[PDB]
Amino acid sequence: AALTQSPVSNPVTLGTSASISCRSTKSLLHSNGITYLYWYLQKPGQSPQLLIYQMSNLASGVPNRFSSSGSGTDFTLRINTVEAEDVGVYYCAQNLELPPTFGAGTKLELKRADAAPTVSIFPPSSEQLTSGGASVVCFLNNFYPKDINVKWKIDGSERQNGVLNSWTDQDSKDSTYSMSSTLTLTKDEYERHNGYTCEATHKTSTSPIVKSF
């Protein structure tokens, strides 16, 4: 019994309804009249949360904006009046027979207005320096869409060697995206230069939001 869902939903406007499809290779409708399909939610950095079970029973705590309908083989999770906090990955699954099987999950995409990244660069801490290490960090927070590049310039030169980037999931309250960029290097190398620039080229303005020290 394989359950299949798409990896991403179409972008949804806050306040409007979202639909998440799911399909099973076998009918989940049991002779007792119950359809053994359940949905759970996985938010950024939290434990899975049951949403709906037996096709149309809400789990306590789950607001009635959530609902599920479908035949025995094709189902739809519906979320009306989508709120920013609804972001996350929705999984369908079946508990009709062994072995238990699960969908691959559908990430709810929330659409919103373009936003610029609030950049903030930081030089190696004194502590890290006393330990011989020297990493320069700069954040590019609360931007939209999640598309961006980031570029480092050491003393006016392009350095992409020891750079590591990390992106967060869509914010559950802001619907924006944030990213972290860290250029790690030896203290000896760090002192070998004086200027460090953090460049953030977002798909807006055409002009990069640079920051350096």
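For every residue, the number given is its place in the sequence shown, counted from 1.
Q: Comparing 21 to 29 with 194 to 202, which has the greater mean CA B-factor as deposited?
A: Averaged over C-alpha atoms, the B-factors run higher in 194 to 202.
Q: Using only C-alpha atoms and the B-factors in the entry, which stretch averages higher, 38 to 46 or 61 to 69?
A: Comparing averages over the C-alpha atoms only gives 38 to 46.
Q: Going by the entry, which of 103, 88, 132, 100 has the most elevated CA B factor?
A: Top of the list by C-alpha B-factor: 132.
Q: Tell me which of 168, 56, 172, 149 tops the list for C-alpha B factor in the record.
A: Answer, based on the entry's C-alpha B-factors: 149.
Q: Grab the CA temperature factor for residue 52 from the record and place it in the lowest, middle or highest third of its chain.
A: For residue 52, whose C-alpha B-factor we compare with every modelled residue in the chain, the answer is the lowest third.
Q: Using the temperature factors of the C-alpha atoms in this entry, rank residue 126 within its chain: lowest, middle or highest third.
A: Highest third of the chain for residue 126's C-alpha B-factor.
Q: Determine, from the deposited record, the chain-internal third of the Cα B-factor for residue 92: lowest, middle or highest.
A: It belongs to the lowest third of the chain when residues are ordered by C-alpha B-factor.
Q: Should residue 110 be placed in the lowest, middle or highest third of its chain by the C-alpha B factor in the entry?
A: Middle third by C-alpha B-factor.
Q: Among the modelled residues of its chain, does the C-alpha B-factor of residue 119 lie in the lowest, middle or highest third?
A: It falls in the top third of the chain.
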